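Asks: output the structure for:
(9 chains, ligands or ions: 12)
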Amino acid sequence: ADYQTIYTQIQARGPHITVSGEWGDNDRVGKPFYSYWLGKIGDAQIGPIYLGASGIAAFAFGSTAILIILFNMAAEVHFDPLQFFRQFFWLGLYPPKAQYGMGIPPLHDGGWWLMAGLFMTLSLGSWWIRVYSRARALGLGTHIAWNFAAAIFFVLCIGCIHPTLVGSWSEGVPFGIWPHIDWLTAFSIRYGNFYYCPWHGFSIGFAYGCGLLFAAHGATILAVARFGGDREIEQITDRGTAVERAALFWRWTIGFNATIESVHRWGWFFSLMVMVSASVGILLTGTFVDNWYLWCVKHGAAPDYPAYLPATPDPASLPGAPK
Amino acid sequence: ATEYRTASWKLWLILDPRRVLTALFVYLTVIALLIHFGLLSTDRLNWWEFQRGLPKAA
Amino acid sequence: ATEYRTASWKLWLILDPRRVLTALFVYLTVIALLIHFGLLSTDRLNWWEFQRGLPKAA
Amino acid sequence: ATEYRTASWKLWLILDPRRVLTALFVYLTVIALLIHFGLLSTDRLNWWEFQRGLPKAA
Amino acid sequence: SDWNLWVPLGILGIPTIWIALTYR
Amino acid sequence: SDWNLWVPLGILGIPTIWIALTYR
Amino acid sequence: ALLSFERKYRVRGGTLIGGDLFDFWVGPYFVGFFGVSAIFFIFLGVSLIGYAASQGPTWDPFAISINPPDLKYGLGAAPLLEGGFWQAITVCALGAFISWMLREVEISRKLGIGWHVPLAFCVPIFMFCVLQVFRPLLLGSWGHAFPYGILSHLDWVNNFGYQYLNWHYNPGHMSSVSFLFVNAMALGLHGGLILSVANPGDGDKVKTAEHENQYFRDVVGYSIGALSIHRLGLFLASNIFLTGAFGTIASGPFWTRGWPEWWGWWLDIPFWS
Amino acid sequence: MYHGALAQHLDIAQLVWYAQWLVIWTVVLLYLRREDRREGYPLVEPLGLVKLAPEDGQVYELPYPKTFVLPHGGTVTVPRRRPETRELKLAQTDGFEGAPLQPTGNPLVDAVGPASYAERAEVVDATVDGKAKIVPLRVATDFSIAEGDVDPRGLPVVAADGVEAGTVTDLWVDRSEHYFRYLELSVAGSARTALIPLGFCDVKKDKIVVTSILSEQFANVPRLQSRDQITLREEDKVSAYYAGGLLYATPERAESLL
Amino acid sequence: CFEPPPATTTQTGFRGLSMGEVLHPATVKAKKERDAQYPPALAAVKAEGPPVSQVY
Ligand code: BCB
Ligand code: BCB
Ligand code: BCB
Ligand code: BCB
Ligand SMILES: C/C=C1/c2cc3[nH]c4c(c3C)C(=O)[C@H](C(=O)OC)c4c3nc(cc4[nH]c(cc(n2)[C@@H]1C)c(C(C)=O)c4C)[C@@H](C)[C@@H]3CCC(=O)OC/C=C(\C)CCC[C@H](C)CCC[C@@H](C)CCCC(C)C
Ligand SMILES: C/C=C1/c2cc3[nH]c4c(c3C)C(=O)[C@H](C(=O)OC)c4c3nc(cc4[nH]c(cc(n2)[C@@H]1C)c(C(C)=O)c4C)[C@@H](C)[C@@H]3CCC(=O)OC/C=C(\C)CCC[C@H](C)CCC[C@@H](C)CCCC(C)C
Ligand SMILES: CC(C)=CCC/C(C)=C/CC/C(C)=C\CC/C(C)=C/CC/C(C)=C/CC/C(C)=C\CC/C(C)=C/CC/C(C)=C/CC/C(C)=C/CC1=C(C)C(=O)c2ccccc2C1=O
Ligand SMILES: COC1=C(OC)C(=O)C(C/C=C(/C)CC/C=C(/C)CC/C=C(\C)CC/C=C(\C)CC/C=C(/C)CC/C=C(\C)CC/C=C(\C)CC/C=C(\C)CCC=C(C)C)=C(C)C1=O
Ligand SMILES: COC1=C(OC)C(=O)C(C/C=C(/C)CC/C=C(\C)CC/C=C(\C)CC/C=C(\C)CC/C=C(/C)CC/C=C(\C)CC/C=C(\C)CC/C=C(/C)CCC=C(C)C)=C(C)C1=O
Ligand SMILES: CC(C)=CCC/C(C)=C/C=C/C(C)=C/C=C/C(C)=C/C=C\C=C(C)\C=C\C=C(/C)CC/C=C(\C)CCCC(C)C
Ligand SMILES: CCCCCCCCCCCC[N+](C)(C)[O-]
Ligand SMILES: CCCCCCCCCCCC[N+](C)(C)[O-]
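Replies: Residues are numbered from 1 along each chain as shown, chains lettered A, B, ... in the order given. Ligands and ions are numbered 1, 2, ... in the order given. Below you will find the coordinate block:
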């Protein structure tokens, strides 16, 4: 085979050059070290890191959040250290279990949930700023920041916005491995099956889309790596045989192609759209649709199947039923 | 070698004390924890708690 | 060789003490663990607990 | 050949002791484990536990 | 007690011998 | 107390001796 | 009909099967032997869907469905309307897929590029095969496969997953899901990063490769490097299905309890139980 | 009475649905697809009938031009009109639109099909400092191989025949990526070094195996202009030569398997 | 842990929907053995004499 696409056979070492920012060249932190193993898939060098304010802040809120989360998880196993470690995935920080509408709930029932929520929110933001500022610091464009934005917004939607529009904190996602997942099912059951929500559709489309696209783009570049097609930026400004082939390949197959530059747009667009599509769906849910299946039936989208075993009338609705 | 009987010691020319030291430190620590906690998760041989072992009693 | 009978020793020219050592360390530790825990998971052959065995008793 | 009979030995010119050695090591270990645990998962031929076999009894 | 059943002995033993003798 | 249950001693002991004697 | 640079590349040869007779382009499409074959399946398979859907009970595009045969039919053929057409299409499907993939091989041969693309395309094909073919073989019926139908297919996914009591816990799934997410995020970053360097805003000069590196080594303190991201993308993408395929095949043939119960192995290690 | 009901059958969800669609398509069409036509358009025609306009809907098609201001001076405008004026040594099988072409002479030297290169700017690729990006390890003395790898310097280069083509002189490094791009070997029989892309050779413990081309055709790998630096065009030239050999080394590489 | 094949399967809803039960044949056997200790019916007796209310 061609081994040079899978891993790197002969590794290189030498002096790395620092691009001086607009500001905060000073707030780079740590002794850069190498990993020979890591060097077989990517660059081996691992430090330094930029610090600065946004960072500081993000960590600040982030940690507080984490602390509140974990601490409460411990409190669930009554602080038994052995049990904690065994039961860890099953432990969580839950939102309120009674109906208080949108009132700040008691500490012991959802209160702590809410606090961690707010702090997680704040870290996300601080981080956002990091991403956005750094870009501007180095004279790049802001695309990453905007993609990241959408992601954050979707977190907001399922965290507080949706709860708000229906007006109960009870609808919040809980913190914890298994329990954040149990949420998914509950939430779906409640809103009459999410497979039937169109935005869930869209989203998934775009998500699989990403799969397809990365596999394709990924594969395409490696296929043309022999002509130095991995040098993607010089290819943009001075088109070489590499991407000429890459283009041709796709044109001869699906019958239209991209450019080396624009394929990146497509990917960036699909990525974004996952998060956006999602957000919409979440906003609509509870607010305008109560039961997504029934809704799909009102617009006759829903498939209907004959009975295999005899059809069963609901017993509640019989003459002389109990309760 | 200062009146040594074996060559044993040459091991440290082969092995690297810093690795050994550090490894034992960890190794031991873990075994130790396993034993402590593991014991304290039985009914007999749990000090720290009331004998809810209910040894044979009831 | 200093008064040897076999050439056994030449193994270490081939094989590397440090590997063998580090490996054995691990190997034995794992086995030791398996047995210990393994035993302590039975009914006969658990020290560390009240006789869960109900040996013939009922 | 220092009083040999066959050339069998030339195998190690071809094979590499270290590979053979290290593999046999693993191969055997696995079979060993297989048999041990295998046996200890039956009813006849479990030592380590009370005769669950209910050999004919019930 | 190994009576009538030399099966494993044969299986274990035989090779043991010819492994001894073939590769000298 | 090993009553014809020299079994583990057999497995433990035998090699112990030849490991002693073969690599000298 | 040609890109300005297209002509110098349009040369004969590098077909896998049957040489020169099929070696031509219709417009921008390269045909080849497998071109022809693909088309044939596509056309037949689609037509077959239509006819089949015509004798359904609806024509709402979401609501149309071609279901596989009952479980009683085993691994045999079913009446055409009672699951047979399902069978038909499934073959046209495979047909199309494979012809598609081989066509790609022919194309790449002609261009002197690597075969990474076709191969990559092989992964989903396999998963299709896993779900429609293998898993049903192992349970011994076609009736275990999924139906063709936009909403219909999801119903299959849905029930399947509740057959083990909470599919979220199935460890194959966990891995696959993780990849799905990482992949998406990573495409976003890769997308953005190139775009930022190329279109730096204002009359700022286009930046260098070093700026890509700097940027990430700032934000998260590591840069995977330019080639390798491509390599890595391909990897993430691919294990979506590679790992999942394990969880899928497992459910039924190798596990019949709820998926959560399976974590019992850890939850129940008797030491700390 | 219901939340989100615009009629007895019309609800706000339903409307949003279409809305969503609308946007998607718009972006796709009125944007993304335009952005795609920055290279190689407008379409060209060497058979068809009086056409200054692709698939119809599209001669707007091309977006208005960008202007990439380049890192080390100068501007590029996209889309462009970059004309191919190499005179291709390719005869047509038929005069037909989309019937394939036959090379007239040696395809590897005449640079056609998989052996064709793009006419890139005849300049050296640069670092952020203004040094040359791609250089050998005679020049980049600061750079080195990672401890734990095989130094290919000294090894025999074995070609497709099973015949030693020559011996490895050097590695060439990308200074801004810390990555090795080329082996520079000494083609035995002549007094010349030829540059092979590292993606065309399987490096072993003892030998470098080159499946791409035959031993005899190492003599004709494109010559470098300078000794210690490589232009962007020379890169494409070198790469295309070996890849072209994947279809043109032996006559059977043409043919189908049966 | 990785429970070996085959599986008993039934169908409980329309074809192609993936509805129905999935059993490990082994496990069923074990349960069936267990649910067999149900002691057999006692030998039926001839209804003869007065009602127990007058006897006891
Ligand atoms: C185990 C789980 C599976 C699954 C789970 C699943 C979920 C949960 C969802 C879908 C959705 C979708 N799935 Mg499914 N899926 C589909 C296709 C589809 C589309 C109807 C839609 C979006 C696909 C997409 O954008 O992907 C990426 C590819 C892109 C963007 C390129 C374009 C592809 C195009 C959108 C799909 C074209 C297919 C045609 C509509 C129908 C067939 C062809 C025609 C000519 C007969 C195909 C063709 C196949 C097979 C087997 O070939 C299949 C298998 C499966 N899906 C597995 C069974 N899929 C979503 C949906 O919309 O459901 C309502 C959805 O929510
Ligand atoms: C039984 C329930 C189901 C369900 C329930 C469901 C719900 C309720 C929702 C989705 C949603 C989605 N579902 Mg679905 N789902 C999907 C896939 C998807 C995603 C495309 C999309 C969720 C968006 C996302 O990517 O989240 C992952 C990305 C996230 C969460 C963003 C994270 C970014 C964030 C910045 C992360 C960084 C965090 C920091 C590091 C902080 C650290 C924390 C500290 C402070 C402690 C597939 C492919 C399938 C299949 C194949 O069946 C499926 C079936 C189901 N879903 C089952 C039917 N799903 C969402 C949606 O689209 O609804 C319309 C959604 O709301
Ligand atoms: C009812 C029966 C019991 C039983 C039956 C029993 C038997 C029959 C045996 C033991 C043995 C052992 N038992 Mg025991 N047991 C022990 C612990 C022990 C260990 C002291 C010893 C394990 C030696 C070993 O396996 O080597 C594992 C690892 C080794 C040897 C590594 C060192 C060698 C290495 C190759 C050399 C390299 C050293 C370098 C300096 C370091 C290199 C560093 C590297 C990483 C760079 C504990 C802590 C308990 C408790 C808490 O209840 C207990 C209860 C019981 N045991 C039950 C009461 N046990 C064994 C023994 O030999 O006693 C001493 C033994 O034969
Ligand atoms: C209640 C049930 C659930 C469920 C049941 C489930 C099952 C049973 C399976 C998955 C699987 C998967 N699930 Mg899960 N799922 C996932 C995500 C995923 C995917 C990562 C993974 C694989 C999808 C697949 O098989 O593609 C299918 C795509 C295929 C087969 C490729 C089709 C492409 C084809 C080769 C080419 C098609 C070309 C077109 C016909 C051409 C037409 C186009 C036009 C241009 C002509 C998420 C993110 C969620 C969330 C967020 O909750 C979720 C929830 C659920 N899943 C619910 C809990 N899921 C699969 C898995 O891996 O399980 C471990 C799987 O088997
Ligand atoms: C389709 C769109 C996709 C998408 C897109 C994008 N995603 C992005 C970006 C874009 C564009 C970024 O630019 C940004 C980034 O930069 O990446 C490079 C980012 C991010 N997405 C992350 C994770 C992620 N993305 C997910 C999903 C999707 N993303 C969706 C799918 C998921 C899922 C799916 O779950 C996950 C988990 C992080 C890497 C990063 C946030 C960092 C943060 O916000 O920091 C917040 C800071 C903290 C939490 C503080 C940490 C404190 C430590 C651990 C210590 C606590 C210990 C304490 C007890 C004691 C203190 C002592 C201490 C010293 C020990
Ligand atoms: C991890 C790997 C990822 C990945 C990778 C790659 N993906 C690739 C490639 C790579 C590398 C290509 O090289 C190839 C391609 O060309 O690039 C565009 C391709 C392609 N992936 C398509 C769709 C796609 N990728 C999906 C998934 C992933 N991709 C995963 C995530 C999904 C999901 C997830 O649903 C979809 C729908 C087509 C656009 C295209 C082939 C067209 C075709 O196949 O032609 C042949 C067939 C047709 C044009 C029509 C077939 C009609 C048949 C005969 C009968 C009707 C269909 C019947 C089966 C009913 C089912 C419908 C029902 C469910 C309601
Ligand atoms: C004129 C004349 C003589 C007529 C008589 C002749 C006649 C009638 C003859 C007989 C006809 C015959 C025999 C055959 C018909 C033709 C034929 C073979 C047809 C096959 C056609 C067919 C089935 C087409 C369908 C196309 C298809 C399957 C899918 C459409 C594409 C889709 C949905 C893609 C998913 C969306 C997607 C990922 C878009 C991505 C955008 C792009 C362009 C990605 C690709 C791409 C990537 C990924 C890069 O990395 C990249 C890197 C650098 C440069 C470029 C690219 C690039 O373009
Ligand atoms: C060049 O410009 C650019 C850069 O350089 C400037 C960048 O650095 C960057 C990006 C900057 C970065 C820092 C990139 C790093 C971003 C990331 C998201 C990297 C993180 C990746 C991971 C965390 C790995 C993912 C791991 C998980 C999600 C957890 C999964 C959990 C489990 C249990 C998985 C279990 C199974 C596995 C782990 C592996 C299973 C594998 C198999 C079963 C089979 C393996 C298949 C193969 C090996 C392929 C077959 C082999 C051959 C074909 C030879 C970009 C975007 C840009 O393009
Ligand atoms: C000239 O006209 C034609 C063309 O050019 C226009 C063609 O290209 C073609 C295409 C022909 C080719 C060989 C194309 C090149 C070959 C490939 C691309 C390989 C891929 C081909 C396939 C996967 C399948 C093609 C082979 C067949 C359809 C043969 C049919 C075999 C049988 C038994 C049909 C009779 C039905 C029964 C006996 C009932 C029992 C069988 C079942 C229930 C199986 C159905 C259930 C499944 C899950 C199918 C899975 C099994 C497979 C997909 C092989 C044809 C046919 C046509 O003649
Ligand atoms: C107006 C008023 C009063 C309040 C407004 C408050 C507000 C903004 C609420 C909104 C809250 C939001 C956005 C809540 C969002 C909650 C969400 C999305 C939770 C989702 C998932 C969380 C998961 C999966 C977390 C599990 C966490 C753990 C198992 C423990 C945390 C630990 C780690 C991640 C490891 C790091 C720790 C290590 C260094 C030791
Ligand atoms: C459900 C999400 C899928 C969104 C649709 C993706 C757009 C496919 C691109 C078609 C390109 C059309 N064309 C040939 C004019 O270029
Ligand atoms: C891909 C997701 C499937 C659900 C989409 C719902 C389709 C609505 C269009 C159907 C026309 C009927 N309607 C809305 C007027 O009642």
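
Asks: what's the burial count for the residue of chain E at minimum distance from ligand 9?
Replies: Nearest residue of chain E to ligand 9: residue E:11, at 45.0 Å (CB to the nearest ligand atom). Backbone N, C-alpha and C define where each C-beta goes, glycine included. Counted with other CB atoms under 10 Å in any protein chain shown, the neighbours of residue E:11 add up to 10.

Asks: quick check: which element contains it?
Replies: Applying DSSP states H and E as the criterion places residue E:11 in helix E:7-22.

Asks: residues near residue 36, how many?
Replies: All of this is about chain A. Residue A:36 - counted by other CB under 10 Å - has 13 other residues nearby.

Asks: other chain: chain H
Replies: 22.

Asks: strands of chain H, residue ranges please.
Replies: Along chain H, counting by DSSP state E, strands occupy H:5-7, H:10-11, H:66-69, H:75-78, H:90-92, H:101-103, H:134-136, H:144-145, H:156-158, H:164-174, H:179-187, H:192-197, H:202-203, H:208-209.

Asks: of all these, which one comes closest to residue A:281?
Replies: Judged by CB to CB, the one of these that comes nearest to residue A:281 is strand H:10-11, at 14.7 Å.

Asks: quick check, that closest one touching chain A?
Replies: Yes. If you take CB under 8 Å from any CB of the partner chain as the test, strand H:10-11 does meet chain A, through residue H:11.

Asks: residues in contact with that strand: which ones?
Replies: Contact with strand H:10-11 is made by A:288-289, A:295, H:4-5, as judged by CB atoms under 8 Å, 6 or more residues apart in numbering or on different chains.

Asks: do stretch I:25-38 as well
Replies: With contact meaning CB under 8 Å, 6+ apart, stretch I:25-38 is reached by G:256, I:6-8.

Asks: gap between it and the chain center?
Replies: Distance of stretch I:25-38 from the chain centroid (CA atoms, centre = their mean, to the nearest Å) equals 8 Å.

Asks: and the gap between the spatially most central residue of chain E and ligand 7?
Replies: Centroid-nearest residue in chain E, with CA atoms, centre = their mean: residue E:13, separated by 1.1 Å. For residue E:13, the distance to ligand 7 (CB to the nearest ligand atom, to the nearest Å) stands at 66 Å.

Asks: now residue A:44
Replies: Taking CB to the nearest ligand atom as the measure, residue A:44 and ligand 7 are separated by 27 Å.

Asks: chain neighbours aside, what residue packs nearest to that residue?
Replies: Nearest residue to residue A:44 in three dimensions, chain neighbours excluded: residue A:34, at 4.4 Å (CB to CB, 6 or more residues apart in numbering or on different chains).

Asks: again, but for residue G:150
Replies: residue G:62 (4.9 Å).

Asks: tabulate the contacts of stretch I:25-38 (a markdown table), appending distance to chain A and secondary structure.
Replies: Listed next are the contacts of stretch I:25-38 as a markdown table, based on distance: CB to the nearest CB, whole Å; DSSP: H, G, I helix; E, B strand; the rest coil:
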| residue | distance to chain A | secondary structure |
| --- | --- | --- |
| G:256 | 21 | coil |
| I:6 | 23 | coil |
| I:7 | 20 | coil |
| I:8 | 18 | strand |
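
Asks: nearest to chain B among those residues?
Replies: Closest to chain B out of the contacts of stretch I:25-38 is residue G:256 (31.8 Å), distances taken as CB to the nearest CB.

Asks: give me the nearest residue to the closest one, chain neighbours excluded.
Replies: For residue G:256, ignoring the flanking residues on the chain, the nearest one in space by CB to CB, 6+ apart is residue I:24 at 4.5 Å.

Asks: so that neighbour makes contact with residue I:3?
Replies: Yes. The pair residue I:24 / residue I:3 is scored as a contact, 5.6 Å apart, by CB atoms under 8 Å.

Asks: can you pull the contacts of residue H:23?
Replies: Contacts of residue H:23 by CB under 8 Å, 6+ apart: none found.

Asks: look up how far chain D lies from it.
Replies: Distance of residue H:23 to chain D, computed by CB to the nearest CB, to the nearest Å: 59 Å.

Asks: rewinding a little: look up how far ligand 6 lies from the residue nearest to residue G:256.
Replies: In terms of CB to the nearest ligand atom, residue I:24 sits 31 Å off from ligand 6.

Asks: returning to that earlier point: PyMOL command for the buried members of the contacts of stretch I:25-38?
Replies: Buried residues within these, by 16 or more other CB atoms under 10 Å in any protein chain shown, are selected in PyMOL with:
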select buried, (chain G and resi 256) or (chain I and resi 7)
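
Asks: distance to residue C:29 added to the contacts of stretch I:25-38, as CSV?
Replies: Formatted as CSV, the contacts of stretch I:25-38 follow (distance: CB to CB, whole Å):
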residue, distance to residue C:29
G:256, 36
I:6, 40
I:7, 39
I:8, 43
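
Asks: for the contacts of stretch I:25-38, which one is nearest ligand 5?
Replies: Taking CB to the nearest ligand atom as the measure, residue G:256 is the one of the contacts of stretch I:25-38 closest to ligand 5, at 30.7 Å.

Asks: next, the residue in chain E positioned nearest to chain F: secondary structure please.
Replies: Of all residues in chain E, residue E:1 sits closest to chain F, at 9.6 Å by CB to the nearest CB. With DSSP: H, G, I helix; E, B strand; the rest coil as the basis, residue E:1 sits in coil.

Asks: which residues touch the helix holding residue E:11?
Replies: In this structure, residues lying in contact with helix E:7-22 by CB under 8 Å, 6+ apart are D:6, D:8, E:2.

Asks: of the contacts of strand H:10-11, buried ones?
Replies: Neighbour counting with 16+ other CB under 10 Å marks A:288-289, A:295 as buried within the contacts of strand H:10-11.

Asks: before we move on, the earlier item: next up, the contacts around the residue nearest to residue A:44.
Replies: Shown in contact with residue A:34 (CB under 8 Å, 6+ apart): A:13, A:44-46.

Asks: returning to that earlier point: can you count the residues close to the residue nearest to residue G:150?
Replies: Using other CB under 10 Å, residue G:62 has 19 other residues around it.

Asks: next: residue E:17.
Replies: Residues lying near residue E:17 (other CB under 10 Å) number 9.

Asks: please apply the same query to residue G:221.
Replies: By other CB under 10 Å, 17 other residues sit near residue G:221.

Asks: ditto for residue A:83
Replies: 17.

Asks: find the helix or strand that it is a member of.
Replies: Assigned by DSSP H and E, residue A:83 falls in helix A:81-87.

Asks: let me know whether whatever helix or strand comes next after that helix sits next to ligand 8.
Replies: Sequence-wise, the next helix or strand downstream of helix A:81-87 (DSSP H and E) is helix A:112-137. No. Legend: contact between helix A:112-137 and ligand 8 by CB under 6 Å from any ligand atom is lacking; minimum distance shown is 12.3 Å.

Asks: can helix A:112-137 be found next to chain H?
Replies: No. With CB under 8 Å from any CB as the criterion, chain H is not reached by helix A:112-137; the gap is at least 15.6 Å.

Asks: and residue H:244, what does it touch?
Replies: Neighbouring residues of residue H:244 by CB under 8 Å, 6+ apart: G:112, H:107-108, H:111, H:113-116.

Asks: got TSV for those residues, with neighbour count too?
Replies: As requested, the contacts of residue H:244 are exported to TSV (neighbours: other CB atoms under 10 Å in any protein chain shown):
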residue	neighbour count
G:112	27
H:107	21
H:108	24
H:111	23
H:113	29
H:114	28
H:115	27
H:116	26
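
Asks: out of those residues, the closest to ligand 2 would be?
Replies: When the contacts of residue H:244 are compared for distance to ligand 2 (CB to the nearest ligand atom), residue G:112 wins out at 37.2 Å.
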